[PDB]
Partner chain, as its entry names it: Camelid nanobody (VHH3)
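Okay, so here's just one chain, in structure tokens, the form deposited without its partner chain.
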């Protein structure tokens, strides 16, 4: 009947969004996923999945449109990714990847009449085959979120269509999970919101997204800054360059996934 703790809700509206709303929303989202300090070569690490108790596990994110229809996205605090959403009176969850998440997800919107888990998961790789379009060709900006939100909401009432429902999670994930993971991808999105542009991510956005767990291991294993071996990254035009060091990435990456552990901390 009622229940084992409420999760933080952070709000954003695309209604009169500016570079300010957007920034203020992503720093509130960065702030609720990291409990301040497991800070490793200046970059924060997000909570380990192992003794993290269900009531500390998610964050809820309300997204509302000009024309007052809203969606509630659930983010997993341990890797900042979208696990599912609620619109109306029904809730949709992506297909979990394991038994422990299958059951953290039963805690999530337990007060909704109707609850469905997709046969499919939320990784970009399955979701691009559903949308019919690679991330490289799907446009980002404020207009794409206004639209993403109406589409995740009419999926409830049956206004449906999978190509379009998977199109809109690709956009909600990058405009939120990914702008929060990287200071770089939040600047790409506010450049689109300042100037009223909608555009697809270029190749520096896409490799950064694909590399967020490789950079996280690389940085946790660094011999106090130096990467055990170089990571190849990409420029907006497609070129490949390597990073040998954490330095150059402190302005670029905001949050890291936990891959391994300290012994003292030296950070006080």
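Think of the rigid core as the biggest set of C-alphas that the two forms share within 1.5 Å after superposition. Positions refer to the first chain, counted from 1.
Rigid core superposition in 7 other deposited structures of this protein puts the Cα atoms of one stretch, out of 35 to 43 and 51 to 59, farther from the shown form on average, and that stretch is 35 to 43.
Relative to the shown model and aligned on the rigid core, the C-alphas in 7 other deposited structures of this protein deviate most, among 150 to 158 and 176 to 184, for 150 to 158. Comparing 259 to 267 with 3 to 11, the stretch with the higher mean C-alpha B-factor in the PDB entry is 259 to 267. When 184 to 192 is weighed against 97 to 105, 97 to 105 comes out higher, by mean CA B-factor as recorded in the entry.
For the set 156, 174, 164, 133, the PDB entry assigns the largest Cα B-factor to 156. Per the PDB entry, 222 shows the highest C-alpha temperature factor of the residues 222, 199, 216, 234.
When all modelled residues of the chain are sorted by CA temperature factor, residue 54 is found within the highest third. Ranked against the other modelled residues of its chain, the C-alpha B-factor of residue 139 as given in the entry falls in the middle third. In the PDB entry, a CA B factor belonging to the middle third of its chain's modelled residues is recorded for residue 239.
For residue 65, the recorded CA temperature factor ranks within the highest third of the chain's modelled residues. Compared with the other modelled residues of the chain, the Cα B-factor recorded for residue 110 ranks in the highest third.
This protein has a second form, the form solved in complex with its partner chain, left out of what is shown; the following refers to that one.
In the deposited complex, residue 156 approaches its partner chain with a heavy atom inside 4.5 Å.
The partner is not shown here, but in the deposited complex the stretch 122 to 143 reaches within 4.5 angstroms of its partner chain through a heavy atom at 126, 130.
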